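Number of protein chains: 2
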Amino acid sequence: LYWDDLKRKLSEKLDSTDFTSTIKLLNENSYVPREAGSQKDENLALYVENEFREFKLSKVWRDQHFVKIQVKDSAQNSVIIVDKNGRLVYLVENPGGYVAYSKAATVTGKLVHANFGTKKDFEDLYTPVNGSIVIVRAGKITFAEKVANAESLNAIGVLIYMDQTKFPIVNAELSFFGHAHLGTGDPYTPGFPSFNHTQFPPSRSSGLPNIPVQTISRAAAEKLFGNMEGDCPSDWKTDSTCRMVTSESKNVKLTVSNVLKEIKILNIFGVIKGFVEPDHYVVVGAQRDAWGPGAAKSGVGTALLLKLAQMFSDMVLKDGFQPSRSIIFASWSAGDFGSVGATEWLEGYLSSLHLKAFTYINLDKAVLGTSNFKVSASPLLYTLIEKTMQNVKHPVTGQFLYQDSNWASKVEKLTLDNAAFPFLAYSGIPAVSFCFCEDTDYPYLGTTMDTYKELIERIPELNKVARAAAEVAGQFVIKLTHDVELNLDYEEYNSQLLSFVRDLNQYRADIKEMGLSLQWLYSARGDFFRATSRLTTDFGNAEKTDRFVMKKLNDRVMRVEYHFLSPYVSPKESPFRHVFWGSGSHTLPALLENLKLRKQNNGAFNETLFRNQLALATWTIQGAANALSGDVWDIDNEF
Amino acid sequence: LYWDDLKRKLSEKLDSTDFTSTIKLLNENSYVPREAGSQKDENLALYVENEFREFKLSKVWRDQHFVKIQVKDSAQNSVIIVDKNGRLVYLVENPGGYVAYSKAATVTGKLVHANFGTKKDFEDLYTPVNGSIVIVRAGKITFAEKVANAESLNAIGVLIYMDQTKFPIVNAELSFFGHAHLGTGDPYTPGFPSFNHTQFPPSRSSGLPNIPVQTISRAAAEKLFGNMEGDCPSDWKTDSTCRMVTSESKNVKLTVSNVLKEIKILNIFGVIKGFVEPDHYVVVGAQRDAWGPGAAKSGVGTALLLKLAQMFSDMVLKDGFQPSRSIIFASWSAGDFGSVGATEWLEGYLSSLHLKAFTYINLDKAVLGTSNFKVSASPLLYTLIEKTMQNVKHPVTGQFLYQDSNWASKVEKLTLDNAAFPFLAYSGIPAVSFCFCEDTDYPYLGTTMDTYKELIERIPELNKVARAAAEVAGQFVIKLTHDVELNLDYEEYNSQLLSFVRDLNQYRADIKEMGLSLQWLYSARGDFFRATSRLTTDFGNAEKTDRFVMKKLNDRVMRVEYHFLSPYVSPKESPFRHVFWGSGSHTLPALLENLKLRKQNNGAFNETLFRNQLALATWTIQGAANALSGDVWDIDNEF
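For the protein sequence lines, the chains are A and B, in the order given. Residue numbers 122 to 760, in the authors' numbering, belong to the letters of the first sequence in order. Residue numbers 122 to 760, in the authors' numbering, belong to the letters of the second sequence in order.
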């Protein structure tokens with residue numbers, strides 16, 4: 122069949138599927154407080170597992186794991202205003218939720234209020250946090266980062282609350298759940314999978330806070346500010362009520378008693394064998410666990426995952442759809458703690474997954490509104506996102522998703538808090554991640570309010586919306602399989618690489634003060650350009666009939682993304698090796714970021730570090746070239 | 122054509138090729154003191170380059186490199202006996218040769234004599250070297266190691282001499298050239314290629330001595346012993362004359378003044394495109410540089426490389442030989458400094474070479490005698506070495522190389538001083554390395570006596586011998602190409618892996634005192650066994666006609682070797698990642714080696730280190746499995 126056929130079919134199938142029902146079903150008390158590694162969790166897990174079997178799809182299995190999660194200890198966590206003694210005031214609050222992996226301790230002192238988790242940026246404010254508890258709004262960044270910065274400035278204890286402007290929740294007595302891990306997955310098995318607790322049981326601090334972090338209810342926040350002299354700025358796009366510092370007369374004490382708890386995570390798979398490259402998959406994932414009922418955080422996703430798996434299998438058996446490459450749906454777990462489920466899976470194929478999975482889609486938080494349509498992905502999927510947004514019509518507006526007034530669409534970078542991030546920044550798998558987002562992030566998200574009710578009360582046509590999301594997700598899959606040529610934009614990296622070279626030339630002056638020639642970099646960038654030009658050529662000259670010559674090419678394409686992972690840094694030390702989207706000194710952006718400091722004439726610039734950064738970042742790119750072909754044995758022997 | 126045909130052809134071609142002539146030609150003053158990066162060097166380089174062109178073989182190019190080599194400074198290096206003041210006797214000697222990368226310094230003190238470069242083992246002798254110069258025989262290990270150990274015991278300065286028993290050289294006034302780098306290639310570009318000196322110019326100590334090392338003439342050794350009280354043991358399979366310690370009355374002073382010198386290494390390639398898998402090569406290398414005339418150290422090799430390249434090209438054009446996979450001959454340079462030439466090439470494809478080169482043969486020191494036939498390689502080439510030694514007849518004895526009385530032949534491990542070692546321990550390419558060796562190593566080897574004359578004066582039928590070497594090398598190539606199935610013994614690793622598990626079970630007691638379950642290891646070992654069993658099956662069921670299904674399999678085979686390189690250690694830190702043949706704490710052998718210390722009840726055993734060693738070494742193997750198939754997504758979801 123041809124695209125139109127698959128497009129048309131997939132549509133009518135989408136035209137007759139009740140997503141709202143399943144989003145509800147995944148709310149019955151049978152599996153509501155489906156916390157990570159809970160019974161409910163395990164319940165839905167087996168539900169999905171069976172549904173897959175019922176869907177009559179090919180092989181479907183389970184993925185067991187024992188990771189250390191953190192939970193609220195029998196002892197109550199609390200915030201209390203008190204002086205250099207005598208715990209005055211009422212018990213401000215015994216928080217209902219908590220920030221996982223938070224430092225298990227209790228301390229007291231001054232209480233500064235650094236708008237939006239310091240943002241690392243916001244820390245450049247008047248009042249110093251040098252040895253004092255800090256308050257921050259849940260927003261621009263992740264708790265992990267909020268805390269991280271707080272501690273980088275020598276603070277202690279951090280409280281996170283949902284202000285009224287940012288979080289228009291009627292109830293101010295509401296509490297939410299936190300993370301706090303500056304990473305992805307179990308914080309004790311970095312790069313390599315976990316075992317038992319009995320075996321390999323380190324405690325923590327392996328990229329974990331070391332500073333108590335507690336989520337606080339707006340109501341509680343109110344009271345805190347009540348005992349603060351300072352006055353909240355207008356710079357902060359907020360609204361009245363908050364202060365900046367507690368009234369000298371007295372301070373506050375934070376006491377968090379949480380405990381680690383080894384749980385058994387259960388990832389559930391299920392594939393749809395392909396017909397020509399049966400061993401090249403398209404991983405389609407969806408977080409299945411959640412703190413509250415997480416109808417949004419986890420419902421819609423798993424909802425789509427199921428309904429989406431139900432369709433393709435059907436299309437394959439009844440409609441004649443013959444995916445040239447297999448599809449593999451996966452419902453991760455323990456996701457509220459850093460994709461711990463999906464990550465430790467990846468941790469499992471540390472150097473071969475890219476030889477298997479060529480693209481990772483992600484349905485998490487797919488439906489949260491009806492205004493915008495944010496999209497984050499690897500440039501390799503840029504043209505797919507584009508051409509697809511040109512085929513899918515908004516659920517509310519009768520118009521197409523793609524803004525016809527541009528030629529350059531907006532694509533966002535993947536964040537530390539997205540199951541897709543690990544797939545791309547750690548496993549080297551290109552990954553997309555769409556969202557029918559809103560200018561303001563869903564409020565009930567990390568709280569017990571993520572009910573199917575308050576959701577649909579806030580998004581009436583949730584069915585049509587989810588449908589659209591399930592459509593863009595569907596086309597991605599049909600597209601990434603329908604044809605014999607693996608369609609990934611390995612070109613977009615030429616651009617991505619040139620942009621780097623450019624931004625780097627803005628320091629050609631600094632580069633000159635230092636003996637650096639910066640010539641080897643251009644060579645790589647070029648030695649790589651040719652590589653892509655050949656591939657881009659060989660394809661054209663090859664026939665979509667020589668299963669052999671095509672396979673040899675698609676494999677090269679399939680190498681592109683992975684090979685941009687610094688082969689000079691250990692996963693055990695710095696898991697996000699991707700020079701472009703990773704995190705670490707190996708990061709390409711990190712290079713410039715250090716060089717920028719050169720001008721500051723201070724010591725902030727580590728020259729020896731740069732020297733290497735450049736040196737390796739060069740060979741990384743170079744290698745990416747020699748690996749992406751050049752007909753092997755690249756013969757630019759001159760230079 | 123069929124094997125017999127190729128075997129028969131290759132033979133008559135070998136029957137009519139004068140190897141002795143070329144071994145001589147590569148001795149004319151046109152290129153005699155062909156030191157690394159010298160003019161002569163560059164002369165022969167262009168000779169080979171052109172010869173290849175003349176051979177009418179396909180593409181042939183050059184490989185430029187700028188590495189830092191160490192040379193003898195204008196100031197004379199010397200050893201002199203002197204009391205707690207001034208030289209009483211005489212300046213023992215002003216050594217004619219030197220040990221490269223040796224610490225540039227000068228010190229004096231006591232002089233102990235630890236037979237055979239301490240061997241690391243021999244250091245467990247009576248007299249302590251705690252702060253004193255040491256003497257050692259050139260033998261069982263490499264200078265690098267000899268020195269390394271000396272310094273690990275806090276010694277200073279090391280003298281290396283060629284005793285009479287081990288080195289039956291008539292002349293005792295003879296001096297030889299050394300190495301001293303505990304690694305491979307330029308000691309400042311570990312894992313990543315080098316540049317200019319102007320750019321990236323660190324000094325050293327990046328895996329280098331830090332202790333002066335000087336080669337000494339037997340004559341000089343005589344004199345040293347002359348001023349020593351101690352008496353040489355019989356344990357030392359040596360002969361009279363040497364002492365153990367200098368006569369208390371006085372000590373010795375070592376002064377080495379060497380300087381670094383950036384040179385331009387020139388690797389010369391040349392391939393023979395294949396007909397079905399044109400992009401899968403069989404790298405055939407041969408060191409081209411040498412200190413002295415190195416007729417043995419470098420002559421025979423390059424001699425073979427050329428003559429051997431001359432044949433296959435001919436066979437392809439005239440005889441109809443259609444190698445299914447391309448062959449690529451390479452004459453490295455700067456090899457006397459740790460394969461600096463070949464290594465920095467590999468350094469260049471840090472994560473893709475294995476996708477290209479599937480086996481590395483090495484012709485260095487191929488002919489050194491006519492008694493034995495030592496052979497070192499990766500178990501993956503075990504059956505090839507075997508079946509071939511069953512086809513090649515000894516040059517002297519009319520009988521076949523293979524000892525018909527056994528079913529298990531002897532294969533040696535690759536040493537830090539063999540260009541083949543890096544290919545296997547760093548790039549993950551299986552590599553063989555034969556030698557028509559002798560019970561005693563060639564004496565003139567590292568000295569100005571490595572002439573084509575003294576060679577042929579010591580090996581009369583050098584032609585026939587070289588021919589044989591050229592034959593086993595030839596068959597390896599024909600064999601690794603002739604057929605469509607990539608013939609590598611990926612099974613032999615099951616054994617190699619079981620042997621580990623076995624040796625490890627001898628400590629099940631220790632493993633028990635520690636909470637360790639050691640169960641995950643067996644799973645890996647097994648999860649891998651199946652992997653091979655499928656591959657070993659899929660092959661049989663596939664037809665040597667489906668270029669596609671075969672290519673998909675051969676590629677899996679081609680992954681086997683590489684995937685045993687710890688993906689948890691950085692090449693920049695520990696270049697030899699191969700868990701089996703590498704060097705480092707990631708090494709499988711290194712694991713047991715630490716565990717053995719457990720019983721010693723002392724602190725010598727680092728428990729935290731072990732815990733990880735095992736933990737990772739497990740996932741390394743595990744991964745090797747998940748990468749070698751299991752039909753992808755290995756479904757041993759239970760456990």
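Idealized CB from N, CA, C, for every residue including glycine.
Assuming contact is defined by CB atoms lying nearer than 9 Å, are residue i and residue j in contact in what I supplied?
{"i": "residue 551 (chain B)", "j": "residue 590 (chain B)", "result": "no"}
{"i": "residue 368 (chain A)", "j": "residue 343 (chain A)", "result": "no"}
{"i": "residue 413 (chain A)", "j": "residue 219 (chain A)", "result": "no"}
{"i": "residue 567 (chain A)", "j": "residue 418 (chain A)", "result": "yes"}
{"i": "residue 638 (chain A)", "j": "residue 320 (chain B)", "result": "yes"}
{"i": "residue 573 (chain A)", "j": "residue 144 (chain A)", "result": "yes"}
{"i": "residue 236 (chain A)", "j": "residue 136 (chain A)", "result": "no"}
{"i": "residue 584 (chain B)", "j": "residue 540 (chain B)", "result": "no"}
{"i": "residue 203 (chain A)", "j": "residue 229 (chain A)", "result": "yes"}
{"i": "residue 341 (chain B)", "j": "residue 214 (chain B)", "result": "yes"}
Taking the continuous beta strand (DSSP E) assigned at residue i, which residues delimit it?
{"i": "residue 383 (chain B)", "result": "379 to 389"}
{"i": "residue 234 (chain B)", "result": "232 to 234"}
{"i": "residue 730 (chain B)", "result": "That residue, residue 730 (chain B), is in no beta strand (DSSP E); its alpha helix (DSSP H) goes 728 to 748."}
What number of angstroms, rounded off, separates the C-alpha of residue i from the C-alpha of residue j?
{"i": "residue 486 (chain A)", "j": "residue 422 (chain A)", "result": "6 Å"}
{"i": "residue 293 (chain B)", "j": "residue 697 (chain A)", "result": "59 Å"}
{"i": "residue 605 (chain A)", "j": "residue 669 (chain A)", "result": "11 Å"}
{"i": "residue 515 (chain A)", "j": "residue 630 (chain A)", "result": "49 Å"}
{"i": "residue 757 (chain A)", "j": "residue 470 (chain B)", "result": "14 Å"}
{"i": "residue 269 (chain B)", "j": "residue 554 (chain A)", "result": "53 Å"}
{"i": "residue 380 (chain A)", "j": "residue 311 (chain A)", "result": "21 Å"}
{"i": "residue 300 (chain A)", "j": "residue 358 (chain A)", "result": "25 Å"}
{"i": "residue 333 (chain B)", "j": "residue 224 (chain B)", "result": "4 Å"}
{"i": "residue 641 (chain A)", "j": "residue 626 (chain A)", "result": "14 Å"}
{"i": "residue 206 (chain A)", "j": "residue 370 (chain A)", "result": "12 Å"}
{"i": "residue 558 (chain B)", "j": "residue 405 (chain B)", "result": "20 Å"}
{"i": "residue 167 (chain B)", "j": "residue 451 (chain B)", "result": "13 Å"}
{"i": "residue 428 (chain A)", "j": "residue 561 (chain A)", "result": "28 Å"}
{"i": "residue 632 (chain A)", "j": "residue 727 (chain A)", "result": "14 Å"}
{"i": "residue 707 (chain A)", "j": "residue 690 (chain A)", "result": "7 Å"}
According to DSSP, simplified to helix, strand and coil, what is residue i?
{"i": "residue 451 (chain B)", "result": "strand"}
{"i": "residue 684 (chain B)", "result": "helix"}
{"i": "residue 185 (chain A)", "result": "strand"}
{"i": "residue 483 (chain A)", "result": "strand"}
Which residue comes first and which comes last in the alpha helix (DSSP H) that contains residue i?
{"i": "residue 169 (chain A)", "result": "160 to 175"}
{"i": "residue 573 (chain A)", "result": "573 to 577"}
{"i": "residue 586 (chain A)", "result": "583 to 603"}
{"i": "residue 623 (chain A)", "result": "613 to 626"}
{"i": "residue 402 (chain B)", "result": "Residue 402 (chain B) -> not in any alpha helix (DSSP H); beta strand (DSSP E) instead, spanning 398 to 406."}
Please work out which residues of its chain come closer than 8 Å, Cβ to Cβ, to residue i, disregarding the five sequence neighbours upstream and downstream, and give them in chain order.
{"i": "residue 524 (chain B)", "result": "530"}
{"i": "residue 275 (chain B)", "result": "250, 251 and 252"}
{"i": "residue 155 (chain A)", "result": "161, 162, 164, 165, 409, 410, 411, 414, 415 and 419"}
{"i": "residue 749 (chain B)", "result": "611, 649, 652, 653, 656, 677, 680, 681 and 684"}
Could you name the residues of the same chain whose beta carbon sits closer than 7 Å to that of residue i, not counting the 5 residues immediately before and after it, in chain order?
{"i": "residue 127 (chain A)", "result": "442, 599 and 603"}
Once you ignore the five residues that flank residue i on each side, which residues in its own chain have a CB closer than 6 Å to its CB?
{"i": "residue 546 (chain A)", "result": "697, 699, 702 and 703"}
{"i": "residue 601 (chain B)", "result": "403 and 480"}
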